[PDB]
file start04.pdb (PDB, C-alpha atoms (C1' of nucleotides))
ATOM      1  CA  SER E   5      30.206  33.357   5.229  1.00  0.00           C
ATOM      2  CA  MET E   6      26.923  31.436   5.101  1.00  0.00           C
ATOM      3  CA  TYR E   7      27.462  27.872   3.920  1.00  0.00           C
ATOM      4  CA  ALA E   8      24.561  26.053   2.272  1.00  0.00           C
ATOM      5  CA  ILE E   9      23.594  23.609  -0.471  1.00  0.00           C
ATOM      6  CA  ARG E  10      22.572  24.134  -4.091  1.00  0.00           C
ATOM      7  CA  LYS E  11      19.841  21.793  -5.334  1.00  0.00           C
ATOM      8  CA  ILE E  12      19.412  20.644  -8.935  1.00  0.00           C
ATOM      9  CA  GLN E  13      16.669  18.383 -10.281  1.00  0.00           C
ATOM     10  CA  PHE E  14      16.733  16.646 -13.663  1.00  0.00           C
ATOM     11  CA  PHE E  15      13.485  15.740 -15.358  1.00  0.00           C
ATOM     12  CA  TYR E  16      12.834  13.585 -18.360  1.00  0.00           C
ATOM     13  CA  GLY E  17      12.956  15.832 -21.342  1.00  0.00           C
ATOM     14  CA  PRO E  18      16.189  17.799 -21.327  1.00  0.00           C
ATOM     15  CA  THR E  19      14.718  20.446 -19.023  1.00  0.00           C
ATOM     16  CA  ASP E  20      15.699  20.645 -15.349  1.00  0.00           C
ATOM     17  CA  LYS E  21      15.439  23.203 -12.564  1.00  0.00           C
ATOM     18  CA  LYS E  22      17.375  24.577  -9.606  1.00  0.00           C
ATOM     19  CA  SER E  23      16.520  25.545  -6.038  1.00  0.00           C
ATOM     20  CA  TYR E  24      18.313  25.549  -2.699  1.00  0.00           C
ATOM     21  CA  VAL E  25      17.578  23.362   0.298  1.00  0.00           C
ATOM     22  CA  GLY E  26      15.173  24.464   3.011  1.00  0.00           C
ATOM     23  CA  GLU E  27      12.537  26.031   0.739  1.00  0.00           C
ATOM     24  CA  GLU E  28       9.967  23.428   1.785  1.00  0.00           C
ATOM     25  CA  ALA E  29       8.488  25.080   4.869  1.00  0.00           C
ATOM     26  CA  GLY E  30       7.888  28.407   6.588  1.00  0.00           C
ATOM     27  CA  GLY E  31      11.557  28.605   7.453  1.00  0.00           C
ATOM     28  CA  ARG E  32      13.637  30.151   4.699  1.00  0.00           C
ATOM     29  CA  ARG E  33      16.615  28.433   3.102  1.00  0.00           C
ATOM     30  CA  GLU E  34      18.762  27.041   5.878  1.00  0.00           C
ATOM     31  CA  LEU E  35      22.206  28.407   6.726  1.00  0.00           C
ATOM     32  CA  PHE E  36      25.171  26.462   8.109  1.00  0.00           C
ATOM     33  CA  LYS E  37      28.286  28.232   9.360  1.00  0.00           C
ATOM     34  CA  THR E  38      30.731  25.389   8.766  1.00  0.00           C
ATOM     35  CA  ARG E  39      31.162  23.247   5.676  1.00  0.00           C
ATOM     36  CA  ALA E  40      31.221  20.216   7.981  1.00  0.00           C
ATOM     37  CA  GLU E  41      27.543  20.683   8.830  1.00  0.00           C
ATOM     38  CA  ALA E  42      26.826  20.924   5.110  1.00  0.00           C
ATOM     39  CA  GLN E  43      28.781  17.722   4.452  1.00  0.00           C
ATOM     40  CA  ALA E  44      26.846  15.868   7.148  1.00  0.00           C
ATOM     41  CA  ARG E  45      23.614  17.284   5.729  1.00  0.00           C
ATOM     42  CA  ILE E  46      24.522  15.994   2.264  1.00  0.00           C
ATOM     43  CA  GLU E  47      25.283  12.605   3.768  1.00  0.00           C
ATOM     44  CA  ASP E  48      21.989  12.315   5.622  1.00  0.00           C
ATOM     45  CA  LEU E  49      20.020  13.245   2.505  1.00  0.00           C
ATOM     46  CA  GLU E  50      21.973  10.647   0.570  1.00  0.00           C
ATOM     47  CA  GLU E  51      21.197   8.046   3.254  1.00  0.00           C
ATOM     48  CA  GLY E  52      17.596   7.144   2.585  1.00  0.00           C
ATOM     49  CA  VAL E  53      15.707   5.619  -0.296  1.00  0.00           C
ATOM     50  CA  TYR E  54      14.687   8.208  -2.873  1.00  0.00           C
ATOM     51  CA  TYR E  55      11.093   8.227  -4.121  1.00  0.00           C
ATOM     52  CA  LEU E  56      10.852   9.624  -7.630  1.00  0.00           C
ATOM     53  CA  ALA E  57       8.177  12.120  -8.557  1.00  0.00           C
ATOM     54  CA  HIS E  58       6.419  12.144 -11.910  1.00  0.00           C
ATOM     55  CA  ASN E  59       8.509  12.695 -15.033  1.00  0.00           C
ATOM     56  CA  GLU E  60      11.748  12.613 -13.030  1.00  0.00           C
ATOM     57  CA  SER E  61      14.919  11.257 -14.602  1.00  0.00           C
ATOM     58  CA  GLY E  62      17.408  10.309 -11.887  1.00  0.00           C
ATOM     59  CA  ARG E  63      18.581  10.873  -8.350  1.00  0.00           C
ATOM     60  CA  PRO E  64      19.307  14.564  -7.695  1.00  0.00           C
ATOM     61  CA  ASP E  65      22.754  16.087  -7.375  1.00  0.00           C
ATOM     62  CA  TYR E  66      23.749  18.257  -4.422  1.00  0.00           C
ATOM     63  CA  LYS E  67      26.757  20.538  -4.428  1.00  0.00           C
ATOM     64  CA  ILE E  68      28.108  22.653  -1.585  1.00  0.00           C
ATOM     65  CA  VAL E  69      28.209  26.458  -1.634  1.00  0.00           C
ATOM     66  CA  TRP E  70      28.980  29.296   0.764  1.00  0.00           C
ATOM     67  CA  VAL E  71      26.656  32.248   0.342  1.00  0.00           C
ATOM     68  CA  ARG E  72      27.668  35.747   1.397  1.00  0.00           C
ATOM     69  CA  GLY E  73      26.229  36.532   4.823  1.00  0.00           C
ATOM     70  CA  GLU E  74      22.732  37.984   4.538  1.00  0.00           C
TER      71      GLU E  74
ATOM     72  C1'   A H   1     -20.690  38.910 -32.702  1.00  0.00           C
ATOM     73  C1'   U H   2     -20.313  34.378 -25.236  1.00  0.00           C
ATOM     74  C1'   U H   3     -13.256  37.682 -23.365  1.00  0.00           C
ATOM     75  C1'   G H   4     -15.684  33.491 -27.024  1.00  0.00           C
ATOM     76  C1'   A H   5     -13.312  30.686 -31.514  1.00  0.00           C
ATOM     77  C1'   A H   6      -9.065  25.674 -32.165  1.00  0.00           C
ATOM     78  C1'   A H   7      -6.124  23.202 -27.017  1.00  0.00           C
ATOM     79  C1'   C H   8      -3.569  14.499 -25.045  1.00  0.00           C
ATOM     80  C1'   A H   9      -0.450  14.332 -18.938  1.00  0.00           C
ATOM     81  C1'   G H  10       1.625  12.538 -22.229  1.00  0.00           C
ATOM     82  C1'   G H  11       6.051   8.636 -23.523  1.00  0.00           C
ATOM     83  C1'   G H  12       8.158   3.336 -20.065  1.00  0.00           C
ATOM     84  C1'   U H  13      10.430   1.317 -15.157  1.00  0.00           C
ATOM     85  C1'   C H  14      12.028  -6.814 -11.761  1.00  0.00           C
ATOM     86  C1'   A H  15      11.318  -6.158  -5.820  1.00  0.00           C
ATOM     87  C1'   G H  16      14.532  -8.384  -6.347  1.00  0.00           C
ATOM     88  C1'   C H  17      19.717 -12.232  -5.333  1.00  0.00           C
ATOM     89  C1'   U H  18      19.283 -16.150   0.315  1.00  0.00           C
ATOM     90  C1'   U H  19      18.959 -18.410   5.437  1.00  0.00           C
ATOM     91  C1'   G H  20      17.838 -25.385  10.161  1.00  0.00           C
ATOM     92  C1'   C H  21      12.913 -24.592  15.134  1.00  0.00           C
ATOM     93  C1'   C H  22      16.704 -26.353  16.257  1.00  0.00           C
ATOM     94  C1'   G H  23      19.654 -29.563  20.033  1.00  0.00           C
ATOM     95  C1'   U H  24      16.458 -33.646  25.610  1.00  0.00           C
ATOM     96  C1'   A H  25      12.892 -34.779  29.202  1.00  0.00           C
ATOM     97  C1'   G H  26       9.115 -40.923  33.486  1.00  0.00           C
ATOM     98  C1'   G H  27       3.285 -40.817  34.443  1.00  0.00           C
ATOM     99  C1'   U H  28       5.665 -42.181  37.900  1.00  0.00           C
ATOM    100  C1'   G H  29       5.674 -44.861  43.225  1.00  0.00           C
ATOM    101  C1'   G H  30       0.720 -48.360  45.515  1.00  0.00           C
ATOM    102  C1'   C H  31      -4.117 -49.542  47.520  1.00  0.00           C
ATOM    103  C1'   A H  32      -8.602 -57.260  49.309  1.00  0.00           C
ATOM    104  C1'   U H  33     -15.728 -56.330  46.511  1.00  0.00           C
ATOM    105  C1'   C H  34     -15.523 -57.050  50.390  1.00  0.00           C
ATOM    106  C1'   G H  35     -17.992 -59.572  55.535  1.00  0.00           C
ATOM    107  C1'   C H  36     -23.708 -63.118  54.802  1.00  0.00           C
ATOM    108  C1'   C H  37     -28.775 -65.790  53.843  1.00  0.00           C
ATOM    109  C1'   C H  38     -34.096 -72.077  53.248  1.00  0.00           C
ATOM    110  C1'   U H  39     -37.315 -72.304  47.833  1.00  0.00           C
ATOM    111  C1'   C H  40     -40.074 -74.041  51.639  1.00  0.00           C
ATOM    112  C1'   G H  41     -45.377 -75.772  52.710  1.00  0.00           C
ATOM    113  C1'   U H  42     -48.994 -79.697  50.699  1.00  0.00           C
TER     114        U H  42
END

call {"tool": "encode", "arguments": {"input": "start04.pdb", "output": "structure tokens"}}
result
Amino acid sequence: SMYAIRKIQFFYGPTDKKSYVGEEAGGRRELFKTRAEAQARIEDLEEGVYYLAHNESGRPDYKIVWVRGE
RNA sequence: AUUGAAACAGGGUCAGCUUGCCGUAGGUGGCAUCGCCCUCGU
């Protein structure tokens, strides 16, 4: 259906929270038809240096997911 | 008898481990400072 990415973020202190990708801006969460686009998207996020926020434990984990077509 | 009274952004985390400005290339070739006059006049 609609392929996309699940986003998880681990903070120091056992807590941690979840949100998709594409919730940054006016555009809603972004939708890819093919898993290949999602794989490339994962790669290009993994490419760069990662700048930690405050009270952040380690580099985030992305996993791939297809969401039922909205 | 104040929608008041009490209310830590806290606890730590190397910018690091390294690389030749090198190998050469001319200040040369060459033109007379010359041609000339009193120290006399007692």

call {"tool": "axis_aligned_box", "arguments": {"input": "start04.pdb", "around": "stretch 39-57 of chain E", "padding_each_side": "8 Å", "output": "JSON"}}
result
{"center_x": 19.7, "center_y": 14.4, "center_z": 0.1, "size_x": 39.0, "size_y": 33.6, "size_z": 33.4}

call {"tool": "atom_distance", "arguments": {"input": "start04.pdb", "atom1": "atom CA of residue E:70", "atom2": "atom CA of residue E:8"}}
result
5.7 Å

call {"tool": "interface_residues", "arguments": {"input": "start04.pdb", "of": "chain H", "to": "chain E", "cutoff": "10 Å", "atoms": "all atoms listed in the file", "output": "list in words"}}
result
residues 9, 10 and 11 of chain H

call {"tool": "write_last_selection", "arguments": {"input": "start04.pdb", "atoms": "C-alpha atoms (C1' of nucleotides)", "output": "PDB file, keeping the file's coordinate frame"}}
result
ATOM      1  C1'   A H   9      -0.450  14.332 -18.938  1.00  0.00           C
ATOM      2  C1'   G H  10       1.625  12.538 -22.229  1.00  0.00           C
ATOM      3  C1'   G H  11       6.051   8.636 -23.523  1.00  0.00           C
TER       4        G H  11
END

call {"tool": "atom_distance", "arguments": {"input": "start04.pdb", "atom1": "atom CA of residue E:63", "atom2": "atom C1' of residue H:16"}}
result
19.8 Å

call {"tool": "atom_distance", "arguments": {"input": "start04.pdb", "atom1": "atom CA of residue E:37", "atom2": "atom CA of residue E:5"}}
result
6.9 Å

call {"tool": "closest_residue", "arguments": {"input": "start04.pdb", "among": "E:35, E:12, E:25, E:40", "to": "residue E:74", "atoms": "only C-alpha atoms"}}
result
E:35

call {"tool": "residues_around", "arguments": {"input": "start04.pdb", "residues": "residue E:41", "least_positions_apart": "4", "cutoff": "12 Å", "atoms": "all atoms listed in the file", "output": "list in words"}}
result
residues 6, 7, 8, 9, 34, 35, 36, 37, 45, 46, 47, 48, 68, 69 and 70 of chain E

call {"tool": "closest_residue", "arguments": {"input": "start04.pdb", "among": "E:29, E:51, E:72, E:65", "to": "residue E:11", "atoms": "all atoms listed in the file"}}
result
E:65

call {"tool": "build_atoms", "arguments": {"input": "start04.pdb", "residues": "stretch 26-42 of chain E", "atoms": "N, CA, C and O atoms", "output": "compact mmCIF listing (two decimals), in the coordinates of the input"}}
result
# COMPACT_ATOMS: atom_id res chain seq x y z
N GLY E 26 15.87 23.72 1.98
CA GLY E 26 15.17 24.46 3.01
C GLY E 26 14.07 25.37 2.53
O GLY E 26 13.58 26.19 3.32
N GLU E 27 13.66 25.27 1.27
CA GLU E 27 12.54 26.03 0.74
C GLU E 27 11.21 25.30 0.89
O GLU E 27 10.21 25.72 0.31
N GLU E 28 11.19 24.20 1.63
CA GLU E 28 9.97 23.43 1.78
C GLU E 28 8.96 24.14 2.67
O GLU E 28 7.78 24.24 2.32
N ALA E 29 9.40 24.66 3.82
CA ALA E 29 8.49 25.08 4.87
C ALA E 29 8.59 26.57 5.17
O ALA E 29 9.25 27.32 4.45
N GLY E 30 7.92 26.99 6.25
CA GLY E 30 7.89 28.41 6.59
C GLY E 30 9.27 28.98 6.81
O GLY E 30 9.53 30.14 6.48
N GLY E 31 10.17 28.18 7.37
CA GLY E 31 11.56 28.60 7.45
C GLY E 31 12.14 28.82 6.07
O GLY E 31 11.89 28.05 5.14
N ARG E 32 12.93 29.87 5.94
CA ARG E 32 13.64 30.15 4.70
C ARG E 32 14.72 29.10 4.46
O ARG E 32 14.87 28.13 5.21
N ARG E 33 15.49 29.31 3.39
CA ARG E 33 16.61 28.43 3.10
C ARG E 33 17.56 28.40 4.29
O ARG E 33 17.84 29.44 4.91
N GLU E 34 18.04 27.21 4.63
CA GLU E 34 18.76 27.04 5.88
C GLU E 34 20.24 27.37 5.71
O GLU E 34 20.83 27.12 4.65
N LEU E 35 20.84 27.92 6.76
CA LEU E 35 22.21 28.41 6.73
C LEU E 35 23.05 27.63 7.72
O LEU E 35 22.67 27.50 8.89
N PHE E 36 24.19 27.12 7.26
CA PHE E 36 25.17 26.46 8.11
C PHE E 36 26.44 27.31 8.11
O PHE E 36 26.87 27.77 7.05
N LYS E 37 27.02 27.52 9.29
CA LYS E 37 28.29 28.23 9.36
C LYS E 37 29.43 27.42 8.77
O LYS E 37 30.19 27.93 7.94
N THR E 38 29.57 26.16 9.17
CA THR E 38 30.73 25.39 8.77
C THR E 38 30.38 24.43 7.64
O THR E 38 29.26 23.91 7.57
N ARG E 39 31.36 24.18 6.77
CA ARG E 39 31.16 23.25 5.68
C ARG E 39 30.96 21.83 6.19
O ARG E 39 30.42 20.98 5.47
N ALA E 40 31.41 21.55 7.42
CA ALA E 40 31.22 20.22 7.98
C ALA E 40 29.74 19.90 8.19
O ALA E 40 29.29 18.78 7.92
N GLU E 41 28.98 20.88 8.69
CA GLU E 41 27.54 20.68 8.83
C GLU E 41 26.91 20.42 7.48
O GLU E 41 26.03 19.56 7.35
N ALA E 42 27.34 21.15 6.45
CA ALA E 42 26.83 20.92 5.11
C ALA E 42 27.17 19.52 4.62
O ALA E 42 26.33 18.86 3.99
